[PDB]
């Protein structure tokens, strides 16, 4: 598995804006890196699938390939997830502002965890 390559994939295959598929876009990138995650429909629920695949919860400054899973925010009940490219979080779009993909999230500050493969 190459977490770096997964990140590179995500960066390459973004949409110009959110299309409501953060989870699939990140899953497909992780598949590009070498890992097929067990599917689940909502981003908020991807934690267990990540630990099962060998990821562990990471705390601290982000590294390339790191995967964030964020709990729901107002008007976004499914949560969000993204992969870090070394300088930006990448979901179904390239996130200019940070890991929170929008103001509903920055305002509510829902819980989040970061996952890393070894």
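Residue numbers count along the first chain shown, from 1.
Exercise. Looking at the entry, does 6-14 or 99-107 show the higher mean C-alpha B-factor?
Worked result: On average, C-alpha B-factors are higher across 6-14.
Problem set entry | Greater mean Cα temperature factor according to the PDB record, 43-51 or 22-30 | In the deposited entry, the stretch with the higher C-alpha B-factor mean is 43-51.
Exercise. From 70, 37, 63, 83, can you pick the one with the highest C-alpha B factor in the entry?
Worked result: Going by the entry's C-alpha B-factors, 63 comes out highest.
Exercise. Of the three thirds of its chain by CA temperature factor, lowest, middle or highest, which one includes residue 56?
Worked result: It falls in the top third of the chain.
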